[PDB]
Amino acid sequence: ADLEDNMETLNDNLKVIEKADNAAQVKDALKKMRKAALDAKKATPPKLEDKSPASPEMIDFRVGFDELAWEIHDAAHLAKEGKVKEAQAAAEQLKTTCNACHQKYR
């Protein structure tokens, strides 16, 4: 899907994790985030439309989602062993990676 759609998937499930009840809600929301972050790697963001497709900015953009997907996965590990509160805290820390990419390319 489109880049804005994948971002809405990231944003909406991050809030689900904030409010979540049990590990299953967290784990399901985190798996949807990981799919969206990988799908986002296929996109060219408007601010980099004019750059060459393998420019250092475009590489920085794409690897930002590898970084995000791995941090998502670390939080999902906490949830799958049942450390729901720690999973939620790890998910809140994802905002730093979100915000780092945004201040460059959003």
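Numbering starts at 1 and runs along the sequence shown.
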Per the entry, where is the mean C-alpha temperature factor higher: 23-31 or 62-70? 23-31
Out of 73-81 and 36-44, which stretch has the higher average CA B-factor listed in the record? 73-81
Should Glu8 be placed in the lowest, middle or highest third of its chain by the C-alpha B factor in the entry? middle
Sorting the chain's modelled residues by C-alpha B-factor and splitting them into thirds places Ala87 in the middle
Is the Cα B-factor recorded for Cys98 in the lowest, middle or highest third of its chain? lowest
